[PDB]
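Here is what each chain is made of, one letter per residue.
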Amino acid sequence: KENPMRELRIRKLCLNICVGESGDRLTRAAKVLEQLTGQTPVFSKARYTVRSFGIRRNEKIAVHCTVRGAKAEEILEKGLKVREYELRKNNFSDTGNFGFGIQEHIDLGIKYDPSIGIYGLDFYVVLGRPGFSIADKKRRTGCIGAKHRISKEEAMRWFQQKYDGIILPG
Amino acid sequence: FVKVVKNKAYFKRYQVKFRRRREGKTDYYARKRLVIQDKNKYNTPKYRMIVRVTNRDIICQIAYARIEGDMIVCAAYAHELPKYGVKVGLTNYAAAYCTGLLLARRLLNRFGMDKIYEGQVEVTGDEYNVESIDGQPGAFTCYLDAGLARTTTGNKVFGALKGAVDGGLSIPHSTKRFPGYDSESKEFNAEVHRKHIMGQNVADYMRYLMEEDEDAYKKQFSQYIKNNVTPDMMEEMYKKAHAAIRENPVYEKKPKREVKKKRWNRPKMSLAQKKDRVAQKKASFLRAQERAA
Amino acid sequence: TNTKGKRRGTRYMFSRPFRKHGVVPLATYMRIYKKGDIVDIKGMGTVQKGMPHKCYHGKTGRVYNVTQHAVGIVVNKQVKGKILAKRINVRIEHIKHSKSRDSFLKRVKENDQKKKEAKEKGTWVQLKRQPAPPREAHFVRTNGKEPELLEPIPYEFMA
Amino acid sequence: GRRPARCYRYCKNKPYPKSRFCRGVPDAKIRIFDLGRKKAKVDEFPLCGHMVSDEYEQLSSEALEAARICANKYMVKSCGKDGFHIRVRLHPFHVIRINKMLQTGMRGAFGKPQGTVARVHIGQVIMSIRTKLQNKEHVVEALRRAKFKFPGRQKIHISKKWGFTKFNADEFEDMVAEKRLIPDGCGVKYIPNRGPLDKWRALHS
Amino acid sequence: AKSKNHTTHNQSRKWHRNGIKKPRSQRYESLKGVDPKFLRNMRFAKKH
RNA sequence: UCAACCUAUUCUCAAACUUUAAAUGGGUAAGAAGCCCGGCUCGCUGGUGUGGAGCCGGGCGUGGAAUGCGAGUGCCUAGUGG
RNA sequence: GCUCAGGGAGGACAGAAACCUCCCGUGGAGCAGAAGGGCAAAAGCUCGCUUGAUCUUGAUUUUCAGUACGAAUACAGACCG
RNA sequence: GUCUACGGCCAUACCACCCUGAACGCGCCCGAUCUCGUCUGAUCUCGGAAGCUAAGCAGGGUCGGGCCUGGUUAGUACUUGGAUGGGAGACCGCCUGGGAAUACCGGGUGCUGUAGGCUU
Ligand SMILES: [Mg+2]
Ligand SMILES: [Mg+2]
Ligand SMILES: [Mg+2]
Ligand SMILES: [Mg+2]
Ligand SMILES: [Mg+2]
Ligand SMILES: [Mg+2]
Ligand SMILES: [Mg+2]
Ligand SMILES: [Mg+2]
Ligand SMILES: [Mg+2]
Ligand SMILES: [Mg+2]
């Protein structure tokens with residue numbers, strides 16, 4: 001007997017590929033996660049300029065996108081099938097989100113082109129709950145209260161009872 | 001560790017916002033640019049038509065600013081539209097137009113200018129502006145307060161605006177944000193705005209759902225079905241609502257009831273009670289320590 | 001030699017008070033000013049438009065002109081050996097009414113009402129504020145107990 | 001090479017600290033200010049003798065360190081090595097200037113900084129020794145020997161406070177038995193009747 | 001050959017010989033600086 | 001352990017730091033040019049013979065804190081500016 | 001329309017520092033420069049349209065001799081954004 | 001008793017955690033054809049009424065932090081005027097009037113204007 005407005009939902013699944021340079025690598029990484037998601041991603045620029053890494057200010061160095069809903073759940077399930085449903089206990093943020101990363105997108109189920117190549121991905125799952133739109137609506141913006149937030153164990157129990165994965169320690 | 005950010009120094013140096021800014025409700029920048037009368041006008045009122053679209057009704061008020069507050073001249077809501085015959089759907093663009101019309105006609109009847117300044121009796125949708133006639137007492141001029149709505153094209157704020165304009169208020173406006181002004185060709189086809197005022201998009205979505213899938217139709221629309229609102233009835237129902245509002249615009253309040261005077265929330269605990277609470281907490285801790293030792 | 005800037009020396013003078021920064025409150029805008037209103041000046045840092053000068057921060061004058069954001073007021077400024085009745089244009093949020101006129105106004109209206117009445121009544125009631133007179137003669141009762149005796153404390157250095 | 005202290009002796013100027021505007025100050029030579037068994041609780045040194053001043057003058061940092069060494073030498077000779085705790089309760093923040101003449105003259109005369117200087121009021125405590133209650137004469141003799149390293153008139157006063165605390169030595173024992181005070185090193189912590197009472201039940205736990 | 005730079009020593013009694021006298025207060029002071037649209041209306045009201 | 005760190009404490013400060021914050025001091029007011037009515041005018045302002053301002057006409061002296069003192073105004077002008 | 005400095009907790013190569021996400025965050029950032037004031041649904045940052053950075057008579061403030069130039073403040077008459 | 005819409009003074013209203021909300025509301029909520037806008041109907045805009053007071057919000061609690069207002073500190077510090085007072089000086093005392101602020105210890109924890117509800 002629990003109140004149905006505290007169902008743990010995924011609010012978003014955000015993906016990025018930080019290629020570290022502009023041009024060909026970034027455009028074809030944009031095309032590969034557009035092949036992944038089905039929506040045209042956006043180009044993340046650089047705040048600073050560090051020549052140890054080889055980047056400049058306002059230079060397009062990454063590709064990111066944001067996925068909501070059934071597409072988010074299915075992309076996340078593909079990524080966890082890559083990650084064999086095994087996540088570490090350090091892969092869980094204190095605010096209740098989690099996230100992981102994969103190294104080649106070919107393991108997802110996306111077929112290959114030598115015109116494109118291989119890239120790795122950061123997946124990050126921003127969990128929520130019904131009611132978290134208070135934190136970013138406009139007209140009467142409030143905060144989210146203490147009982148309604150998501151703690152770390154309250155998120156990883158949800159993960160291992162909704163995906164039947166394991167939380168290996170370390 | 002982290003350094004504790006919200007310490008005694010943080011709260012001592014912290015300045016609060018205004019109460020309405022903390023609650024989120026008002027924009028003091030726009031409110032100052034909107035309500036402050038010119039000082040050479042010398043206590044002439046400056047009237048506003050406040051539109052607030054809630055989740056279930058639409059508050060349209062007309063108020064001027066004094067020092068104690070905004071005294072509201074006239075008010076007209078959307079949940080009072082079943083007095084005139086709009087049974088449900090009270091938050092859409094068409095009900096925004098109806099409550100803007102009701103606000104305008106009720107204020108004109110309150111001041112004594114309902115015969116003069118009739119406005120658009122028939123609804124067209126195009127540009128209208130109530131230009132005042134000489135000799136007769138002048139047109140009512142007020143300005144439109146959107147509050148925090150992002151005032152883009154096709155907004156029910158501007159629906160209530162067009163309702164007051166067709167009711168007879170002389171509000172300054174442009175025909176850029178009514179539904180129908182397309183951003184590409186930069187013109188304004190008034191028949192599309194008339195369809196949105198008469199609720200033809202809602203009737204067409206009703207027809208579209210009962211052609212596509214009736215499960216989604218019964219989930220989306222249900223109180224329409226309960227109050228047997230059909231798509232062909234829609235435009236005639238809104239026209240009869242317009243005619244009913246323009247013939248009987250006055251509001252009669254509900255009678256004031258004799259109360260029971262029962263208190264629904266907990267009253268504030270007193271000084272004696274809370275000092276006795278901390279005395280009993282200390283005594284109960286000490287006796288639990290002696291019964292644990 | 002000092003600089004002759006318009007805002008020289010006004011660090012603490014046009015600053016807002018502690019924790020009363022931010023948005024200017026709106027009653028300050030909604031107050032209306034006739035001509036002949038006695039008006040105080042207090043310039044404010046949040047609105048740089050219409051700033052009154054540091055010579056006039058704290059002076060009181062009389063309105064002679066009202067415009068659509070600002071009032072012209074007639075203040076007495078003292079320069080080397082004379083007093084100029086000079087007029088300045090001040091935006092509305094650098095300004096208050098003075099209640100020094102208002103206490104006189106209520107005293108005039110209550111004097112005029114008690115001069116209107118209590119004149120066919122026959123009494124003659126005092127209308128001028130004589131200053132605080134010396135205390136009249138009065139008994140002081142020592143009800144029972146004796147006056148408590150005080151005598152100075154012996155010196156001990158406590159620090 | 002330093003000018004005598006009788007030049008830089010009265011509180012003549014505005015206080016002119018080492019700051020963003022006066023930079024290039026040579027460093028103050030008293031840098032150790034507390035000495036002795038400074039790691040000792042309030043409960044094992046109950047006596048506290050203050051060298052109080054009796055003039056509104058300026059003490060040099062040189063004189064502060066000279067008086068520190070003159071007190072510490074006699075204390076480690078007399079009361080043993082770690083049976084005391086001196087602390088110098090003045091830190092020199094005012095810096096003083098030197099107009100060097102080699103010919104210009106008094107044209108543009110504003111000095112480079114020479115040294116640091118503490119400004120003292122009539123009744124402000126210069127030094128203070130915390131010790132046991134039987135080492136009374138030794139602390140009076142130590143402060144009396146350190147008074148000759150300062151100008152002017154200093155007096156010696158043995159206070160009724162419990163060492164380096166602001167609480168009186170007669171009721172300190174009753175308060176610490178009543179647990180309104182808590183020892184936390186060379187000072188003591190004061191506990192009001194104002195906290196959340198989880199702190200209360202933690203103390204009386 | 002320097003000399004004294006600025007002074008306000010004798011100035012207070014120099015002012016108070018003929019007195020710090022307040023400005024000439026007069027009934028019906030003028031209308032210069034009054035709002036010109038307001039004053040157009042005022043002088044039409046006086047015209048008619 | 002020893003450091004940084006963190007949390008409650010503690011000693012000493014500031015012309016170009018400050019939550020507080022004096023004394024002395026600086027404006028304004030202490031009425032006839034003031035109040036209170038009646039009515040006209042306006043191209044300004046205007047839901048509103050609304051708002052504001054200007055004009056007329058009438059009525060009201062206990063001269064509206066103390067003290068003291070006849071005031072206001074215009075020419076011409078020397079010397080001075082270590 | 002959005003919130004800035006900093007910090008915390010996470011994420012393939014990635015680290016002390018590239019990018020993504022949550023949370024705290026009264027200004028500890030930014031506003032060309034010197035400092036002082038001022039500023040958070042803004043005066044900051046990002047976008048859309050732009051030329052009131054235009055034509056013109058008076059009044060005023062500031063230094064002041066109660067003169068100039070400079071800079072600025074309310075108005076007013078168009079022509080505009 | 002209380003809520004919404006617009007507010008005034010802007011912490012006695014803020015902040016952290018816990019408890020309780022009947023009715024109307026306010027919300028969360030369900031969708032994206034149309035209006036609109038985004039990488040993403042998350043936000044904004046648009047059409048609704050299956051569910052829930054879980055959150056916001058409201059009322060209350062905390063020997064709570066803060067804030068407000070009092071006592072103490074203290075007639076202390078400082079100070080107007082005065083002396084052919086003291087002191088080698090620094091500085092201090094007195095006559096004449098004014099008179100602060102920490103630490104420490106109490107009390108309070110939004111009032112309120114206009115319009116419209118609920119308590120059939
Ligand atoms: Mg706005
Ligand atoms: Mg000097
Ligand atoms: Mg000479
Ligand atoms: Mg000369
Ligand atoms: Mg803006
Ligand atoms: Mg700018
Ligand atoms: Mg949605
Ligand atoms: Mg709730
Ligand atoms: Mg609840
Ligand atoms: Mg408290």
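Residues numbered from 1 in each chain as written, not as in the entry; some residues may be left out. Chains lettered and ligands numbered in written order. Part of a larger assembly, values for the part shown. Heavy atoms only, no water.

The deposited coordinates derive from cryo-EM, with the record listing a resolution of 3.4 Å.

**A short note on empty space enclosed by the protein**
All names here are of chain D. Roughly 80 Å³ of internal volume is contained in the largest cavity. If you go around the largest cavity, you meet 13 residues; those closest to its centre are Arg 2, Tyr 8, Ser 60, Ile 96 and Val 117. Looking at the lining of the largest cavity, the elements with two or more residues in it are strand 3 (57-60) and strand 6 (112-120). The biggest single contributor to the lining of the largest cavity is strand 6, with four residues. (1 Å grid on protein atoms, 1.4 Å probe; cavity = no way out; pocket = protein on both sides within 12 Å on 5 of 7 lines; lining within 4 Å. Points joined across faces, edges and corners; volume = space filled by probe spheres on them. Helix = DSSP H or I, 4+ residues; strand = E, 2+ residues; numbered from the N terminus.)

**Some remarks on the arrangement of the chains**
Contacts are most numerous between chains B and C, taken over all six pairs of chains that touch. Taking C-alpha atoms as the reference, chain A and chain E come no closer than 42 Å and do not contact one another. With respect to C-alpha atoms, chain D approaches chain E no nearer than 12 Å, and the pair has no contact. (Contact = heavy atoms within 4.5 Å.)

**Description of the protein's contact with RNA strand F**
Not every one of the 64 residues close to RNA strand F is listed here, only the nearest: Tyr 42 and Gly 138 of chain B, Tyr 12 and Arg 129 of chain C together with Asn 41 of chain E. One of the backbone N or O atoms of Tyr 42 of chain B is found 2.3 Å from a sugar or linking oxygen in RNA strand F. Contacts to RNA strand F include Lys 47 of chain E, whose side-chain N or O atom sits 3.3 Å from a base oxygen. Elements with a minimum of two residues in the surface near RNA strand F: strand 1 (38-41) and helix 2 (100-116) of chain C, strand 10 (188-190) of chain D together with helix 2 (36-47) of chain E. At eight residues, the largest contribution of residues to the surface near RNA strand F is made by helix 2 of chain E. (Near = heavy atom within 4 Å. Polar contact = N/O pair within 3.5 Å; in protein donor to acceptor, adjacent residues only side chain to side chain.)

**A word on unusual backbone geometry**
All names here are of chain B. Even without being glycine, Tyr 117 reaches a positive phi, approximately 60°. Looking at the element boundaries, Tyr 117 is found in the loop between helix 4 (93-111) and strand 4 (142-145). Phi angles above zero are rare outside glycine, and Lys 186 is one such case at about 60°. One can find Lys 186 in the loop between helix 5 (156-167) and helix 6 (190-197). For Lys 186, a relative accessible area of 57% gives the class exposed. (Buried < 20%, exposed > 50% of the residue type's maximum accessible area, 1.4 Å probe, protein only.)

**Focus: the sheet that holds strand 4 (residues 84-88) of chain D**
Residues and elements named next belong to chain D. In space, the five strands of this open sheet follow the order 1-4-7-2-8, with antiparallel pairing throughout. Every other strand in the sheet has two partners, leaving strand 1 (34-36) and strand 8 (154-158) as the edge strands with one partner each. Shown here is a sheet whose adjacent strand axes are inclined to one another by a mean of 15°, direction ignored. Sheet topology places strand 4 next to strand 7 (residues 125-131); five bridges connect them, and they run antiparallel. (Pairing = 2+ DSSP bridges. Axes fitted to C-alpha atoms, helices over the stretch in contact; angles between N-to-C directions.)

**Regarding helix 1 (residues 61-78) of chain D**
An α-helical segment advances 3.6 residues per turn. Residues three or four places apart therefore align on the same side. Residues and elements named next belong to chain D. For helix 1, built from 18 residues, the straight-helix expectation of 26 Å at 1.5 Å per residue is met to within 8% by its first-to-last C-alpha distance of 26 Å. Here helix 1 has its buried residues at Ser 61, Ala 63, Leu 64, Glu 65, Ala 67, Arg 68, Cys 70, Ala 71, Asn 72, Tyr 74 and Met 75. Looking at the buried side of helix 1, the elements it contacts are strand 1, strand 3, strand 4, strand 6, strand 7 and helix 2 (136-146). The first or second residue beyond helix 1 is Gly 80, which carries a positive phi of 75°. (Expected span 1.5 Å × (residues − 1).)

**Things to note about the packing of helix 4 of chain B against helix 6 of chain B**
All names here are of chain B. Packing of helix 4 against helix 6 brings their axes to within 7 Å, and their N-to-C directions diverge by 85°. In terms of orientation, helix 4 and helix 6 fall into the roughly perpendicular class. Note on element contacts: helix 6 touches helix 4 through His 193, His 196 and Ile 197, opposite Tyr 93, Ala 94 and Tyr 97. Considering only residue class, the contact of helix 4 with helix 6 consists of four nonpolar, two polar and no charged. (Parallel < 35°, antiparallel > 145°, perpendicular 65-115°, else oblique. Nonpolar A, V, L, I, M, F, W, Y, C, P; charged D, E, K, R; others polar.)

**Some thoughts on the nonpolar core**
Ranked by internal contacts, the top residues of the largest apolar core, which has 60 residues, are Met 49, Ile 62, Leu 81, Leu 144, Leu 169, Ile 171 and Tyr 238 of chain B. Here the element with the most residues in this core is helix 4 of chain B; it accounts for twelve residues. Dropping the residues within four chain positions of it, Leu 144 of chain B is found in contact with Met 49, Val 51, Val 157, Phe 158, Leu 161 and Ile 171 of chain B. Grouped together as the second largest cluster of nonpolar side chains are 41 residues, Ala 30, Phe 100, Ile 116 and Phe 159 of chain A included. (Core = buried A, V, L, I, M, F, W, Y, C linked by side-chain atoms within 4.5 Å.)

**Quick notes on the environment of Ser 78 of chain D**
Residues and elements named next belong to chain D. By the element assignment, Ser 78 lies in helix 1. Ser 78 gets classed as partly exposed once you look at its relative accessible area, which sits at 27%. Here the alpha-carbon distance between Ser 78 and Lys 41, two residues 37 residues apart in the chain, equals 21 Å.

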